[PDB]
């Protein structure tokens, strides 16, 4: 009797109230508390020392309560803790132990999922300070850290970084660091209102597997001139990636420092996402410094079906070395992306590009080992005023990259700044199916469409096809004398080129090379002998010693004679062909020819 009322009102009371599911006589005879025990929320730990629930709010630090919840569920082999809807849960202090070395707030634990339906907000304790909100490392030294496995963060909720600026450029800030992370994911969450280094990082220097970010939103996560660098997701473990996410920034500083994604280990991907307001789209890089967990090669790298408005470069490739490890990047695919450089002044942000072959972080351009890249079926656009826009900026050594069936509408097709680096280039393949747009027609005074500012080019193919005129350009393709060129194929289709003074330019006469295969239009003056009948025409200039055949691209306005349709050369570098004089006389004509060498 008295026993009973007291029991019922006690914390043990629910364990004395019987329950059987749907009154089914074959079901377990349970107590109410057993069924309530099948789920868990923050409210089950958000209490004072006497067990009284505490309401969250700006003046309550929820950190210790959420940790206690995580720790406890961990102790039972895992489960999912709900962070309730209709409330904002503030975090107001650093965590302790292994995550202190990472400016950690909350420590994640294996098999313990968080279903965030409400909002998590940082309190002003964190203003001008570093922080990493959720950390999966269990040791201040990641090398001595245990793993995080089977940890999923998901829901319709929000992580809000409080708007606080960085205090010093050297500080780091993160949303979720999974650590040495295996089968972990973030799904559905909005990260917003911050000045951070990363929102999410996956893995640690190759350690980890099967980590993903899906259907998340990242909004306004750079806000200050102090922020040194930002990559919204960093993928540092294999068999991991980003899909169907939304990234947006409005800060000016984001246009110069912020990237959406870094893919830094093999078998990783970035797909189906939309980006606006960022400097960069994705890094695809093998850092030798990060090669411990999964080898020294980044391969099976996929960037596909994204939409981007960026201010700098869409995809940036790299590889580098340490004293004892060499990083390699190969087997990459970039496909189906629709990208534009946003409205901006020329040179007002980092040099606009669809692909950038960038130097290492110390600026070295002679360490890279990048090859077997396929860039196909993408579109790129930059507004006509943006002088600093290229399909590819090729600024460090390149061991191969293949372009097929893209549509590039920008200032340059291939570019590298003269004076600067002199890359060694092998296996650069630009197929004829790359369509060159006309937005920048008439803007190219002084400029070469393909500006080949390299140390050397080998085993390469550039097949130039225009789709409209641009008589402002100096040349379609130019090689400076300092660039060696061998075992290559270089062609300029004649369409829309009849009025161009220069089409292809070889400043060191490199097209004469034994295994250079070239064709391009040129104007040539010829003079014939006076013989009636079949009669030779010869070029007045003697700079065609390399030419294997030429043919006419001009009509013949004459009745009494015709120049040759086709020409060979002579040892003195003249062209020669056999035309026809109906009546005799020395002829003199100026004709547009297709010059060919070994093609």
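Numbering follows the first chain given and starts at 1.
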| item | value |
| --- | --- |
| 268 to 276 or 105 to 113, whichever carries the higher mean Cα B-factor | 105 to 113 |
| Between the two ranges 131 to 139 and 95 to 103, the one averaging a larger CA B factor in the entry | 95 to 103 |
| Highest recorded Cα temperature factor - choice among 389, 251, 499, 399 | 251 |
| Peak C-alpha temperature factor (PDB record), options 31, 547, 535, 553 | 31 |
| Chain third (lowest, middle, highest) by recorded CA B-factor, residue given as residue 17 | highest |
| Third of the chain, ranked by Cα B-factor, where residue 71 sits | highest |
| Lowest, middle or highest third - CA B-factor, residue 467 | lowest |
| Cα B factor band for residue 7 (lowest, middle or highest third within the chain) | highest |
| CA B-factor placement of residue 119, once the chain's modelled residues are sorted into thirds | highest |
